[PDB]
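Right, one structure below, let's go through it.
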Amino acid sequence: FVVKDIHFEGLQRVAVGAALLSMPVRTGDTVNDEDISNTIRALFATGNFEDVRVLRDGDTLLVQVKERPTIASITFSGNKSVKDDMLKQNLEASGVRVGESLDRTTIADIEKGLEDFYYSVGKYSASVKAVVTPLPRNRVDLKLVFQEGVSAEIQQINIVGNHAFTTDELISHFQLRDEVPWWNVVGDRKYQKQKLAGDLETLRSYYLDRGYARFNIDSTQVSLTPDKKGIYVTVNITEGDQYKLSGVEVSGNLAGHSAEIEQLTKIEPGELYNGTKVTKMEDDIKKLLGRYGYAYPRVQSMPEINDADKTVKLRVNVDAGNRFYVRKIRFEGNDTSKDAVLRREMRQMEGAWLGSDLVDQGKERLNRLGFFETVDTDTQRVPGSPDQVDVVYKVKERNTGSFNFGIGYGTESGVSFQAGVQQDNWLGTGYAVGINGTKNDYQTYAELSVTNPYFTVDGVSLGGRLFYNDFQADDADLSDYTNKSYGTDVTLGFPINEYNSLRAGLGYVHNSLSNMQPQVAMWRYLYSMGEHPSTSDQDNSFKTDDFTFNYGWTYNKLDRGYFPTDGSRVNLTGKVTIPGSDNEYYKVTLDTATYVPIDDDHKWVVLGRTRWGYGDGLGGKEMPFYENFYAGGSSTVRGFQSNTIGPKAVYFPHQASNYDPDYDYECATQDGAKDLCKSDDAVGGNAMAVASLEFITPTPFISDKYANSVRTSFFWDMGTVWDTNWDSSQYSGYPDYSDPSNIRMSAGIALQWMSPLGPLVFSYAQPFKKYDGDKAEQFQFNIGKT
Amino acid sequence: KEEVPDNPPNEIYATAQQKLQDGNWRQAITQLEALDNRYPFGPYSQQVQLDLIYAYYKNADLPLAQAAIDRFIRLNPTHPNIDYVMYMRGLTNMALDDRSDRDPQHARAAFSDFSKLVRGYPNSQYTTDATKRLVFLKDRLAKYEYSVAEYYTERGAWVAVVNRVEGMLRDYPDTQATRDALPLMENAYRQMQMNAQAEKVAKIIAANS
Amino acid sequence: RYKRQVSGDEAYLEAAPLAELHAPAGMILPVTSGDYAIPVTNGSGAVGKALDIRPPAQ
Amino acid sequence: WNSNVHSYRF
Amino acid sequence: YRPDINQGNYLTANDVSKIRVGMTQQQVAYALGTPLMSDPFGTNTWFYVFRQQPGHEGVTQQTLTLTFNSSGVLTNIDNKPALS
Amino acid sequence: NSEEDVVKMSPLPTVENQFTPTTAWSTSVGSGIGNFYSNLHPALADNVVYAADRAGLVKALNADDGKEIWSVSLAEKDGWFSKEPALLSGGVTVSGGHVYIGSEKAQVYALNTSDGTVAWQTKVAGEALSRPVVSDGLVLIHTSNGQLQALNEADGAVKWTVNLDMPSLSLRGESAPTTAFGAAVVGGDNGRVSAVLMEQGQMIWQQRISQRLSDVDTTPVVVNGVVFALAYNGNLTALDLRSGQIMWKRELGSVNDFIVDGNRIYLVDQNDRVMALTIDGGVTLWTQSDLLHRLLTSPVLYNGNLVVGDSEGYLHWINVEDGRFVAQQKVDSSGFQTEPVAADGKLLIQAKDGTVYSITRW
C-alpha cells in the first residue's frame, strides 16, 4: 500500500519528528501488514505507549495510541526498617522513576522485585501492593504499601564431621550467633552471606593453624522453617590427620638475595604445620623485597604432603617484579580537612620508589583518625611511562566531633555522671578541642582541653588544659577537708618507639582548703608553711599557688586493649615544684601490669600488678596532705574500704561547728574530751607500695559458646601505705605509722564482662591480715564507666 | 507542606515571577517543580528549566542545579541562550569550591567550563566575569601546589619539591605563588648538593625580583 | 551549608593580576603546555553585581 | 569505656 | 622517632656499570629506568639521585649525572658515591 | 519499638462438642524438642510406646496406663561435669525388636525393645532429619545433604547411597521414602520425585512436580500403582508408578503429610486450609478455612474423624463428610508441632515439652 502522507493520533510528549524517525515506514513508500506490525511493535518498544493501533483511513495511515501515563510521584507507606531514600534509589536503579511512564503490566513485577529486596534484607513474609492513582493530563501516581512482617533469626548452627573440637568451641569464634543472652553484648541473631563466608574462613584458619592441612569444607546448607521465622545452618567438613613441617625449599628470581631469606625460612625440623606462620614468612619476604625496591614481589606457597609419614614440605615460589616510581600523591574528597592532615599520615613518599605495604600502612593510618567514613586507594598509571604511577586516596568526610554524656555506679564513687562536648577536627586542622565534666559522690571536675597532635613533623604534640576541681573528703572515707582548686597545664608528647612515649610539661594550680578537722598530720604541714591556726575550732582556710614541672613515661605492649592475654604496660609519673611557688615538694608514681600466658590458646593467664609511690618536701617543709597516696578499694587492694589503708588521724580536743546529740562526733570538748584522740578515719601517706598476683581461668559453668566474653580470676592482693615524717618519740601511746612492715593482705574471686548497662566487674575478697582501724568491705562492684 | 492548587499555568508562573523579584527562592521553587511535573511539555517548559537553574543556584541546592544543567545541555544543545547555562555551571562549581589547601577538583571543573564559554562565545555578557574568575582560580590552584611543596620542604623530601615546582613553572608560570616557590626549589637543589642548578634558579629569581 | 550561602548571593573578589615570567641570558624556561591558559576576550562587560544573571524571557 | 548512654556525632 | 625518608631512583651498583659512553636514552631507560628529575632549563641532562635516610641514623645519597647531546646520545657520566 | 506480622493469625473457633473428648493419661519426657523444627514423634508397637527427646533421652511406656518399662540416655558425658547432647531429630521407628533413631550429628542408633541397649550405631553423610523407614531388611535414611542412604537392619553397614541435588536455600525437613513393589519413591528439596531400586540404587526415573521460590516433596504415598506427591508453593500431582507420567495436577502446596482413604485425599495446605479432594481428577469436595495461620500439624484419621493440632495446644476433631468441627479440646500450653499417631485404637501425641498424651472419648 503506497503511502502519500503520515498522521498520528495521541502524540503528547514524543515529538512527531521522533516518531517519523523511529518508524521503518516513511511517506512515499509501499506498505503491507508486515511493515505495519513492525511499526506497531517499534512504538510499543519505545516504552512510552501502552496501546497502539495502526489502521488505514480512506487514504491516510492513521495511528491511534494511548501513551502510558507519565509518572508524577511515587509514595511509600510502611517502610519501617527501610529508608525511603534507599528504597527510591533501588527503584530508580530498577528503571522506574519520576518523569517516566507507568507500564500497566509490570505491577506484579515491581512488587516481586521489592519483595526480593526484602528477602535479601532478612524479612521473608513481606507483602508489597502497588496502588495506582490516575490524574488528569494522562498522569498517574504509584503508591506502594508494604507489609514488612517479622524478621527471621538463626535458631541453630551445626557442624558435622568434627571429632577433635566440639562445635561450641568453634562457634565461639564466629561472627554469626545462635544464642544472645540479656547479660552480655556478643552480637545479633541475623543472617548475612558475608558473615557466613567470614565464618567459613575463620573455621578453615582454626583448623589449618593446628596441623590439619587436608581440612576441607564439603558443603554448606541453609534452611528455613515453613513459617519462615527461623533459619538453620549446617556445615559438613572432613578434618584429616595432623601433619608435620619437615622442611622448606625456595626457588625463583630471588634477585641475588638468597642469603637474607634462608634465615627467614628457618624452623625446628619436626614442627606442627601452621598457616599463620607461612603467611608471616611470605609477608616478611615481601617486606624485604620492598626494602630493596621491588613493589609487587609475588610469593606463593605450595605444600607437598606425604601421608605415609605425615610430613609437609613447603615450596615457596618468589617472583620479584619490576621497580615502580611514584610521581604524585593525590587526595580527593577533603573538602574540609587540609592536605597536610592527610599527607603527614602517609608512609609512602612522593618522588621515590614504590611499596604497596607502605600504601596500605597509609590507608590504615588514615582510617584510625576517625575523620573519614570510607578510605579507598587507586594506583593509576602515567600515560607514556612504564615505571611511573600516581597514587590516589579517595576519602569521604565524617561528622568530626561528638556530644558525649554517660552514667555509672560503683561502691567507690557511688553514682558517677559524665558529660562533654568534643570536636576532633577544628576547621580541618587536626586540633582537638573539648569541654568535659564529671561528678561523683566526692568531687566535681571540669576541664577545657586543646591539643595539636603535630607540633613538629615527626609527631610531637603540644597540649593545653584548664581545670576546676572541687573535692570533699568526708565523702571519700577520709578526714574532713574541702579543697577547691583551679589551674592550667601544658605538656609535650614525644613518641620514640611506637610503644614508648615520653611527655613533659608545666602547670599552675591554685588550691583553697577549708572546713578542716584538727589532726596532727595536718599541723605538721601547716607549721612547716609558717601558719599558726587554732586547735579548738575548724574555721580554717589556707590558699596556695604552685607552679609544677611534670614528667612522665609510658610503655604499652599489650596484645589487646580488652581482655589482654600477653604483654606489659608501665607508667611513670612525676612532679616537682620549681622556685617561686609557695610549696616545695616532689612526687613520683609508678604503675605496672604484666600478663603472662601459660597455654597456646590463651585461656590460662598469670597477671601481675604493682603500684609504687613516694613523695617528700625539700626546704625543710612537708608534702601537702592533699597530694598524698591512698590504698584500698577495687583497684589496689580488694576486700578493704576505699582509702582506708594506712595512717589514721589523731584528733585534738576541739569544740564542733553545731552540736546536736544523736550524731557521732570526733572528740569534741562538749563530750568529755581533754587529750589527744585516736580514730579510724584515714588520712593517706607520702609512701605507698601495692602488689597483686592474679590467676585468670576460663569460666567453668557458662556455656563454651560465649564463655570467652567473661573473665574469671582468683587474686591475692597486698598493700601498705605509711608516713615517713611521723615522729614516734613524741606521740608514744599511739602506733607508729612510719613502719612499712604493716602489710595488708587479701584474697578472693573476681568476675568481669561487658553488659548493655556498661562494663561490669564483681569481686568478693576476704582480708586475712588487717590492723586496728582498717574497715573491711568484701563485696565490690563497678557497673558502668567508673 | 507547601501545597499548591491546580490554578492555570499563567497565574502560577506570574506568582513565581512575583516571588523571585522579592528575594524568596524556597517558595517559587515549589511552584516551578509543579509547573514542570504537571506540564512536562508545556509551551514554556524550557524557560522554567532556566528559572529552576537560577533558583537552585541562589537557594544553595547546587547538585540539583548541576543535574538540571546537564539535562538542559543534553536536550537543548543548540538553544540560543546556552551561554547562560555554561556560566551557571561555572558558578555552581565555584560555589562548591567555597581554603587553598583543600580539594581543587571543583576549581579545575570551573576553569574548564569558563574556558569553553570564553573560547566559544567571546561577545557575550557572561565572559568578562568569566576571565575575572579564571584568574582567581588559576591563583588558587597555584597556591594549592605551593602548599604541597611547603609541606614536602618541611618533611625533608627534596625530589618531590623540585618536581612540583617544575610542574608549577609548566602549568602556572604567570602567578605570584610560583614566584614565591622558586626559593624552595633552590634550597632543594642545594640540599642534594646540585649547586649547578641552584645557580640557575637564582639567575631566574634575580631577573624578576 | 552556611559557607555556600555567601558565594551564592553575591561575593566577588579581585586577585593579583598575572605577570609574565622572564628568561635570563644563557638559558630558557620550560614549556607551558597551554592547559591552563587565559585568552584575551575583548569587550567591556559588567562584573560584580553589575551583571544581570536573571534568566531572560526565552 | 566512656559514653554508655549516647556518643552523639552531631 | 621519624620514619624512613627515601627519594629518587634505586641504583643497584650493577646497572651503573652497564652504561657506556655512546648509549641512547632508550637503552639507559631499559637499564636503570626513567628518572624523577631532569634539567628543564633547556639542556638535556638527567639526574639519577638515590637518597635514603632511616630513623636518626644518617643520610646516604648517590648521584649519577648523565649529560646527553642534541640527538639522544650519552656524552658524559659523573658519579658521586657519597655526599660531603 | 513494635513488632507486626503481615498475615494476621486467626482466632479460636467456638464449637459445641457433639462428643466430649478426654485424656486417658499423660507422661512427661525431658525437655522435648523445644522451639526447634523436628520430625521426632512417638511410636507404638505391641501395646508399648517408645518416645524420645532432643537431648538424648529415650523412654518406653505402657500403652494402657503410662508405666515406664525402661529409660536410657545417649548423651556422652566426659565425666560427671561435661555432657554433650545427641540432638535427636529422626522420628522413632520400631520394626522387629529394634528401635531406630536419627540425630543431627549424622549418627543413627538402633536399640533393642527389651532393655534399651544399642544393637548398633552408624555414621552417615549428614544430619538425619527423616523418619528411618524400614523395608526389605534395609533402613532408608534421608540426610540434609541430599544423600539417601540404605543401612542394614542387623549390622548397620551402609549398603548404598544416592546423590540427590540440593539448592542453596530450602526448608528444614527431608522426605521419608515409601517402598512399593521393590522400589523406593522419595522427594528432595529440588522439586523432584525420584524412584530408586532398593537392591543397588539404580535410578528408575525422576519427575519435576514444581510450579527465590522453593519446593519440597516431603513423603509421597502410593495406591494401586499410582503415586501421589505434594510440594511447597507448588502443585499436588498424581504420577504413574512406572514411568512418571503426570496424570493430573492441582495448584496447591503443603509440606505436612496427607492421608488417602477410599476415594478421598485429605490434606492440609501451607496456609492451613483443611481440604478433601477426590482421587481421580483432584476435584474439591469441601474446605474449612477457619484455621488460617494457626500452624497446624499433619492430620490423622481417628474413628472416621480428622484430628489436627496447633501451636496454641488446641486439638480439633473435624468431620470429613462436610468439614464441620465435631469437637475441640485443650491439652497442653507449650504447643503441638509433630504429627499424631493413630493405631491399635490409640491416639497418641507429643508436645514440645515432651509430655506425651493419649486421647479417648466418652
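Following the order of the C-alpha cells, first chain is A, next is B, and so on, with residues numbered from 1 inside each chain and ligands from 1 in the order they appear.
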(request) Provide as a PyMOL selection string the residues of chain A at most 6 Å from chain F, counting only C-alpha atoms. (result) chain A and resi 147+149-150+160+222-225
Produce a file of the selected residues containing C-alpha atoms, as a PDB file, in the first residue's frame.
```
ATOM      1  CA  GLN A 147       3.622  -5.179  54.993  1.00  0.00           C
ATOM      2  CA  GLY A 149       6.318  -8.829  58.603  1.00  0.00           C
ATOM      3  CA  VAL A 150       8.690 -10.302  61.161  1.00  0.00           C
ATOM      4  CA  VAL A 160      29.066 -32.311  61.274  1.00  0.00           C
ATOM      5  CA  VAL A 222      20.937 -23.025  54.739  1.00  0.00           C
ATOM      6  CA  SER A 223      17.341 -23.935  55.525  1.00  0.00           C
ATOM      7  CA  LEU A 224      14.162 -22.218  56.675  1.00  0.00           C
ATOM      8  CA  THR A 225      11.096 -23.140  58.644  1.00  0.00           C
TER       9      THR A 225
END
```
Taking only residues of chain E that have an atom at most 7 Å from an atom of chain B, what is each one's shortest atom pair and its distance in Å to one decimal, using only C-alpha atoms, in chain and number order, as a Markdown table?
```
| residue | atom | partner | partner_atom | distance |
| --- | --- | --- | --- | --- |
| E:7 | CA | B:159 | CA | 6.5 |
| E:8 | CA | B:159 | CA | 6.8 |
| E:37 | CA | B:163 | CA | 6.8 |
```
(message) Taking the DSSP secondary structure from the backbone, can you list the residues of range 517-577 of chain A that are strand (DSSP E), as a count of residues only?
(response) 26
(message) So that I can check the surroundings of residue 30 in chain C, please list as a ChimeraX atom specification every protein, DNA and RNA residue that reaches within 12 Å of it, counting only C-alpha atoms and ignoring chain neighbours fewer than 4 positions away.
(response) /B:165-173,204 /C:21-23,34 /E:38-44
Please produce a file of those selected residues containing N, CA, C and O atoms, as a PDB file, in the first residue's frame.
```pdb
ATOM      1  N   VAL B 165      57.507  22.045  41.824  1.00  0.00           N
ATOM      2  CA  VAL B 165      57.747  23.418  41.399  1.00  0.00           C
ATOM      3  C   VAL B 165      57.980  23.478  39.894  1.00  0.00           C
ATOM      4  O   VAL B 165      57.599  24.459  39.242  1.00  0.00           O
ATOM      5  N   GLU B 166      58.594  22.445  39.309  1.00  0.00           N
ATOM      6  CA  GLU B 166      58.689  22.383  37.854  1.00  0.00           C
ATOM      7  C   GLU B 166      57.309  22.256  37.226  1.00  0.00           C
ATOM      8  O   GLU B 166      57.017  22.904  36.215  1.00  0.00           O
ATOM      9  N   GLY B 167      56.446  21.424  37.810  1.00  0.00           N
ATOM     10  CA  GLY B 167      55.084  21.331  37.324  1.00  0.00           C
ATOM     11  C   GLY B 167      54.356  22.658  37.383  1.00  0.00           C
ATOM     12  O   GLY B 167      53.554  22.971  36.502  1.00  0.00           O
ATOM     13  N   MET B 168      54.618  23.450  38.423  1.00  0.00           N
ATOM     14  CA  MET B 168      54.022  24.780  38.506  1.00  0.00           C
ATOM     15  C   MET B 168      54.575  25.695  37.420  1.00  0.00           C
ATOM     16  O   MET B 168      53.813  26.353  36.704  1.00  0.00           O
ATOM     17  N   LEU B 169      55.901  25.744  37.280  1.00  0.00           N
ATOM     18  CA  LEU B 169      56.501  26.560  36.230  1.00  0.00           C
ATOM     19  C   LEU B 169      56.004  26.148  34.857  1.00  0.00           C
ATOM     20  O   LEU B 169      56.047  26.951  33.920  1.00  0.00           O
ATOM     21  N   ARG B 170      55.544  24.908  34.724  1.00  0.00           N
ATOM     22  CA  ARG B 170      54.973  24.417  33.481  1.00  0.00           C
ATOM     23  C   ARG B 170      53.528  24.870  33.306  1.00  0.00           C
ATOM     24  O   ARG B 170      53.180  25.464  32.283  1.00  0.00           O
ATOM     25  N   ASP B 171      52.683  24.619  34.303  1.00  0.00           N
ATOM     26  CA  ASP B 171      51.258  24.903  34.191  1.00  0.00           C
ATOM     27  C   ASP B 171      50.915  26.323  34.637  1.00  0.00           C
ATOM     28  O   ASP B 171      50.134  27.007  33.970  1.00  0.00           O
ATOM     29  N   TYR B 172      51.505  26.791  35.740  1.00  0.00           N
ATOM     30  CA  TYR B 172      51.153  28.073  36.352  1.00  0.00           C
ATOM     31  C   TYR B 172      52.400  28.938  36.469  1.00  0.00           C
ATOM     32  O   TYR B 172      52.857  29.250  37.576  1.00  0.00           O
ATOM     33  N   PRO B 173      52.965  29.361  35.336  1.00  0.00           N
ATOM     34  CA  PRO B 173      54.183  30.179  35.388  1.00  0.00           C
ATOM     35  C   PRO B 173      53.933  31.647  35.679  1.00  0.00           C
ATOM     36  O   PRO B 173      54.850  32.323  36.163  1.00  0.00           O
ATOM     37  N   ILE B 204      67.263  32.940  37.567  1.00  0.00           N
ATOM     38  CA  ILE B 204      65.859  33.228  37.278  1.00  0.00           C
ATOM     39  C   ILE B 204      65.316  34.248  38.271  1.00  0.00           C
ATOM     40  O   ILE B 204      64.678  35.234  37.886  1.00  0.00           O
TER      41      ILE B 204
ATOM     42  N   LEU C  21      56.725  35.669  33.289  1.00  0.00           N
ATOM     43  CA  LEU C  21      57.994  35.277  33.884  1.00  0.00           C
ATOM     44  C   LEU C  21      59.106  35.464  32.860  1.00  0.00           C
ATOM     45  O   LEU C  21      58.983  35.013  31.717  1.00  0.00           O
ATOM     46  N   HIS C  22      60.181  36.132  33.266  1.00  0.00           N
ATOM     47  CA  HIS C  22      61.275  36.445  32.359  1.00  0.00           C
ATOM     48  C   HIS C  22      62.266  35.290  32.274  1.00  0.00           C
ATOM     49  O   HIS C  22      62.352  34.439  33.162  1.00  0.00           O
ATOM     50  N   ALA C  23      63.026  35.278  31.181  1.00  0.00           N
ATOM     51  CA  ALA C  23      64.072  34.290  30.950  1.00  0.00           C
ATOM     52  C   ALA C  23      65.418  35.001  30.884  1.00  0.00           C
ATOM     53  O   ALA C  23      65.595  35.892  30.034  1.00  0.00           O
ATOM     54  N   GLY C  34      50.055  25.042  27.857  1.00  0.00           N
ATOM     55  CA  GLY C  34      48.817  25.708  27.499  1.00  0.00           C
ATOM     56  C   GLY C  34      47.539  25.048  27.977  1.00  0.00           C
ATOM     57  O   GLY C  34      46.470  25.297  27.411  1.00  0.00           O
TER      58      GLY C  34
ATOM     59  N   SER E  38      65.151  16.042  36.035  1.00  0.00           N
ATOM     60  CA  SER E  38      65.922  16.364  34.843  1.00  0.00           C
ATOM     61  C   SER E  38      66.286  17.842  34.910  1.00  0.00           C
ATOM     62  O   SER E  38      66.129  18.490  35.951  1.00  0.00           O
ATOM     63  N   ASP E  39      66.771  18.379  33.794  1.00  0.00           N
ATOM     64  CA  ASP E  39      67.080  19.801  33.694  1.00  0.00           C
ATOM     65  C   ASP E  39      66.079  20.445  32.745  1.00  0.00           C
ATOM     66  O   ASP E  39      66.247  20.364  31.519  1.00  0.00           O
ATOM     67  N   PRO E  40      65.023  21.090  33.250  1.00  0.00           N
ATOM     68  CA  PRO E  40      64.048  21.715  32.350  1.00  0.00           C
ATOM     69  C   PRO E  40      64.532  23.015  31.734  1.00  0.00           C
ATOM     70  O   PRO E  40      63.855  23.546  30.844  1.00  0.00           O
ATOM     71  N   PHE E  41      65.676  23.540  32.175  1.00  0.00           N
ATOM     72  CA  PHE E  41      66.190  24.817  31.682  1.00  0.00           C
ATOM     73  C   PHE E  41      67.003  24.611  30.401  1.00  0.00           C
ATOM     74  O   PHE E  41      68.194  24.911  30.317  1.00  0.00           O
ATOM     75  N   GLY E  42      66.323  24.080  29.390  1.00  0.00           N
ATOM     76  CA  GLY E  42      66.886  23.979  28.058  1.00  0.00           C
ATOM     77  C   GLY E  42      67.631  22.693  27.774  1.00  0.00           C
ATOM     78  O   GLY E  42      67.147  21.849  27.013  1.00  0.00           O
ATOM     79  N   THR E  43      68.806  22.524  28.377  1.00  0.00           N
ATOM     80  CA  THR E  43      69.648  21.386  28.046  1.00  0.00           C
ATOM     81  C   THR E  43      68.955  20.080  28.417  1.00  0.00           C
ATOM     82  O   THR E  43      67.999  20.046  29.194  1.00  0.00           O
ATOM     83  N   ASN E  44      69.455  18.991  27.842  1.00  0.00           N
ATOM     84  CA  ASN E  44      69.004  17.646  28.172  1.00  0.00           C
ATOM     85  C   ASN E  44      70.072  17.005  29.043  1.00  0.00           C
ATOM     86  O   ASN E  44      71.196  16.770  28.586  1.00  0.00           O
TER      87      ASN E  44
END
```
(request) Enumerate as a count of residues only the residues belonging to chain E that approach chain A to within 12 Å, with only C-alpha atoms taken into account. (result) 32
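Residues within 6 Å of range 93-107 of chain B, counting only C-alpha atoms and excluding same-chain residues fewer than 6 positions away, are residues 332, 334, 335, 338 and 339 of chain A; 140 and 144 of chain B; 7 of chain C.
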(request) Would you list the contacts of range 109-122 of chain A as a PyMOL selection string, taking every protein, DNA or RNA residue within 12 Å and counting only C-alpha atoms, but skipping same-chain residues closer than 6 positions in sequence? (result) (chain A and resi 76+79-82+86-96+102-103+128-131+142-154+189-193+224+228-231) or (chain F and resi 169+212-213)
Filtering to N, CA and C atoms, could you give me those residues as a short mmCIF file (atom, residue, chain, number, x, y, z; two decimals), in the first residue's frame?
```cif
data_model
loop_
_atom_site.label_atom_id
_atom_site.label_comp_id
_atom_site.auth_asym_id
_atom_site.auth_seq_id
_atom_site.Cartn_x
_atom_site.Cartn_y
_atom_site.Cartn_z
N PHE A 76 5.28 5.99 49.46
CA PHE A 76 5.52 4.79 50.24
C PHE A 76 4.75 4.89 51.55
N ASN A 79 7.43 1.49 55.36
CA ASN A 79 8.86 1.16 55.29
C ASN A 79 9.50 1.55 56.62
N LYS A 80 9.25 0.73 57.64
CA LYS A 80 9.80 1.00 58.96
C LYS A 80 11.31 0.78 58.98
N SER A 81 11.76 -0.41 58.59
CA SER A 81 13.17 -0.78 58.67
C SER A 81 13.91 -0.52 57.37
N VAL A 82 13.34 0.31 56.49
CA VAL A 82 13.95 0.63 55.21
C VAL A 82 13.74 2.11 54.94
N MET A 86 16.67 5.11 50.30
CA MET A 86 17.33 3.91 49.78
C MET A 86 16.37 3.11 48.90
N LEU A 87 15.11 3.01 49.32
CA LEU A 87 14.12 2.30 48.50
C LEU A 87 13.94 2.98 47.15
N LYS A 88 13.87 4.31 47.15
CA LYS A 88 13.77 5.05 45.89
C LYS A 88 15.02 4.86 45.04
N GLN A 89 16.19 4.79 45.67
CA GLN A 89 17.42 4.53 44.92
C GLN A 89 17.36 3.17 44.24
N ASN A 90 16.94 2.14 44.98
CA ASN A 90 16.78 0.82 44.38
C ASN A 90 15.77 0.86 43.24
N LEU A 91 14.67 1.59 43.43
CA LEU A 91 13.65 1.66 42.39
C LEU A 91 14.19 2.31 41.12
N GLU A 92 14.76 3.51 41.25
CA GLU A 92 15.30 4.20 40.08
C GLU A 92 16.47 3.44 39.48
N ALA A 93 17.12 2.57 40.25
CA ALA A 93 18.08 1.64 39.66
C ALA A 93 17.36 0.57 38.86
N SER A 94 16.16 0.17 39.29
CA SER A 94 15.39 -0.82 38.55
C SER A 94 14.92 -0.28 37.20
N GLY A 95 14.74 1.04 37.09
CA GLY A 95 14.30 1.63 35.84
C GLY A 95 13.19 2.65 36.01
N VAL A 96 12.30 2.42 36.97
CA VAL A 96 11.15 3.28 37.18
C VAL A 96 11.55 4.46 38.06
N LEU A 102 4.27 4.72 33.25
CA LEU A 102 3.93 3.55 34.05
C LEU A 102 3.43 2.46 33.11
N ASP A 103 4.21 1.39 32.98
CA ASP A 103 3.75 0.21 32.26
C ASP A 103 2.71 -0.51 33.11
N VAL A 128 3.99 -6.68 49.29
CA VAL A 128 4.02 -5.36 48.66
C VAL A 128 2.82 -5.23 47.74
N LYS A 129 2.15 -4.09 47.80
CA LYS A 129 0.98 -3.82 46.98
C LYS A 129 1.12 -2.45 46.34
N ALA A 130 0.97 -2.40 45.02
CA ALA A 130 1.14 -1.17 44.25
C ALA A 130 -0.23 -0.65 43.83
N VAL A 131 -0.66 0.43 44.46
CA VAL A 131 -1.90 1.10 44.09
C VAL A 131 -1.58 2.18 43.07
N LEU A 142 1.97 6.40 41.81
CA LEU A 142 2.18 5.00 42.16
C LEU A 142 2.46 4.92 43.65
N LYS A 143 1.48 4.44 44.41
CA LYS A 143 1.64 4.23 45.84
C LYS A 143 2.06 2.79 46.10
N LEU A 144 2.94 2.61 47.08
CA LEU A 144 3.47 1.30 47.43
C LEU A 144 3.22 1.05 48.90
N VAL A 145 2.32 0.12 49.20
CA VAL A 145 2.03 -0.28 50.57
C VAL A 145 2.87 -1.50 50.91
N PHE A 146 3.59 -1.44 52.02
CA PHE A 146 4.49 -2.51 52.44
C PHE A 146 3.99 -3.10 53.75
N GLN A 147 3.78 -4.41 53.76
CA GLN A 147 3.62 -5.18 54.99
C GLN A 147 4.96 -5.85 55.27
N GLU A 148 5.70 -5.33 56.25
CA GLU A 148 7.07 -5.79 56.46
C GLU A 148 7.09 -7.23 56.97
N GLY A 149 6.27 -7.53 57.96
CA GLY A 149 6.32 -8.83 58.60
C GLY A 149 7.32 -8.85 59.74
N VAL A 150 7.78 -10.06 60.05
CA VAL A 150 8.69 -10.30 61.16
C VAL A 150 9.97 -10.91 60.62
N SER A 151 11.10 -10.46 61.15
CA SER A 151 12.40 -10.92 60.68
C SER A 151 12.62 -12.38 61.05
N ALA A 152 13.60 -13.00 60.38
CA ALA A 152 13.97 -14.38 60.62
C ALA A 152 15.33 -14.41 61.31
N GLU A 153 15.42 -15.18 62.40
CA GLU A 153 16.62 -15.26 63.21
C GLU A 153 17.13 -16.69 63.23
N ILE A 154 18.45 -16.83 63.38
CA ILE A 154 19.07 -18.15 63.39
C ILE A 154 18.65 -18.88 64.66
N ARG A 189 21.34 -11.85 66.08
CA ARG A 189 20.98 -13.18 65.61
C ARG A 189 20.43 -13.12 64.19
N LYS A 190 21.08 -12.33 63.33
CA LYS A 190 20.67 -12.15 61.95
C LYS A 190 21.59 -12.93 61.02
N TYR A 191 21.17 -13.03 59.76
CA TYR A 191 21.86 -13.85 58.76
C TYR A 191 22.31 -12.97 57.60
N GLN A 192 23.56 -13.16 57.18
CA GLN A 192 24.11 -12.45 56.03
C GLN A 192 25.18 -13.33 55.39
N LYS A 193 25.18 -13.37 54.06
CA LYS A 193 26.13 -14.22 53.35
C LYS A 193 27.57 -13.84 53.67
N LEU A 224 15.16 -23.03 56.01
CA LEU A 224 14.16 -22.22 56.67
C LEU A 224 13.09 -23.11 57.28
N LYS A 228 8.85 -19.56 58.15
CA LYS A 228 9.83 -18.58 57.69
C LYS A 228 10.13 -17.54 58.76
N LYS A 229 10.30 -18.00 60.00
CA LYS A 229 10.78 -17.15 61.09
C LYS A 229 12.03 -17.72 61.75
N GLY A 230 12.55 -18.83 61.24
CA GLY A 230 13.74 -19.43 61.80
C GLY A 230 14.64 -19.95 60.70
N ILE A 231 15.94 -19.86 60.95
CA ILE A 231 16.97 -20.22 59.98
C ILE A 231 17.88 -21.26 60.61
N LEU F 169 19.04 -22.39 49.06
CA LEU F 169 18.07 -22.16 50.12
C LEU F 169 16.93 -23.16 50.01
N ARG F 212 13.15 -15.82 44.50
CA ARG F 212 13.61 -17.06 45.13
C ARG F 212 12.43 -17.89 45.61
N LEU F 213 12.03 -18.87 44.80
CA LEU F 213 10.89 -19.73 45.10
C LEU F 213 11.37 -21.17 45.27
#
```
Quick one: residues within 7 Å of residue 10 in chain D, only C-alpha atoms, excluding same-chain residues fewer than 2 positions away - as a CSV table (one decimal) with C-alpha atoms, in the first residue's frame?
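Listed below is the output, selection_39.csv:
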```csv
chain,number,residue,atom,x,y,z
A,399,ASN,CA,30.9,14.3,61.3
A,401,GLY,CA,33.2,15.6,66.8
A,402,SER,CA,30.6,14.5,69.3
A,403,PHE,CA,28.4,15.4,72.3
D,8,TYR,CA,26.2,11.6,69.6
```
Sorted by chain and rising residue number, which residues of chain C lie within 8 Å of chain B, and what are their closest atom pairs and distances in Å to one decimal, counting only C-alpha atoms, as a tab-separated table?
```
residue	atom	partner	partner_atom	distance
C:1	CA	B:60	CA	7.4
C:3	CA	B:98	CA	6.8
C:4	CA	B:95	CA	6.2
C:5	CA	B:60	CA	6.3
C:7	CA	B:95	CA	5.7
C:8	CA	B:58	CA	5.4
C:9	CA	B:58	CA	6.3
C:14	CA	B:136	CA	7.3
C:15	CA	B:136	CA	5.9
C:16	CA	B:176	CA	7.6
C:17	CA	B:135	CA	7.4
C:18	CA	B:174	CA	5.5
C:19	CA	B:174	CA	5.3
C:20	CA	B:174	CA	5.0
C:21	CA	B:174	CA	6.0
C:22	CA	B:208	CA	6.4
C:23	CA	B:204	CA	6.7
C:24	CA	B:204	CA	6.3
C:30	CA	B:170	CA	6.2
C:31	CA	B:170	CA	5.9
C:32	CA	B:170	CA	4.5
C:33	CA	B:171	CA	6.5
C:34	CA	B:171	CA	7.2
C:35	CA	B:171	CA	6.8
C:36	CA	B:171	CA	6.3
C:38	CA	B:131	CA	7.3
C:39	CA	B:119	CA	7.7
C:41	CA	B:122	CA	5.6
C:42	CA	B:122	CA	7.4
C:43	CA	B:123	CA	7.2
C:44	CA	B:128	CA	7.1
C:45	CA	B:125	CA	5.7
C:46	CA	B:128	CA	7.1
C:47	CA	B:129	CA	5.3
C:48	CA	B:129	CA	7.6
C:51	CA	B:125	CA	7.7
C:54	CA	B:54	CA	7.5
C:55	CA	B:51	CA	6.3
C:57	CA	B:47	CA	6.9
C:58	CA	B:47	CA	5.7
```
